[PDB]
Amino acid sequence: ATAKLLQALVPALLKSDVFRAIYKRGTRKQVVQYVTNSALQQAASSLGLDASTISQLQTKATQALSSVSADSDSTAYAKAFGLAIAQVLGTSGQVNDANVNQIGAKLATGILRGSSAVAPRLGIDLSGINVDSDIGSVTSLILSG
């Protein structure tokens, strides 16, 4: 399900105003790693995944983040999330054609909500950003677009 999983999740992250405000060009690497870890724990645990699968997701996300340059834009971070998620969940049995879009929407929901919950205390101002509407917009992209 790797292709359809990327096609659901990554466009949602690319179209998200929350994601663009948090995963900004030049963000300190430790700030990105922290928010990513927190967002993936929230998103993956919402799917009920076992702890070993979540650990593998966190390792793969760290490896994907290490490839993102300091001059890269938010688009490169969205792709890194997709790479790690598709590497861990694309072929194990957690995701198939019947649920791939729904899994993408639930992961996008958890990544956006989980990132927004911790970004302010890491110094990232989310003033003015309507997370509820942002999440509704990108899940609607996945289910209708």
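One-based numbering along the sequence shown.
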According to the deposited model, is the average Cα temperature factor higher in 87-95 or in 109-117?
87-95
Higher of the two mean Cα B-factors (10-18, 124-132; per PDB record) comes from 124-132
Identity of residue with top Cα B-factor, from 103, 80, 49, 39
39
By the entry's values, the third containing the CA B factor of residue 64 is the highest
Please say which third, lowest, middle or highest, residue 76 falls into when its CA temperature factor is compared across its chain.
lowest
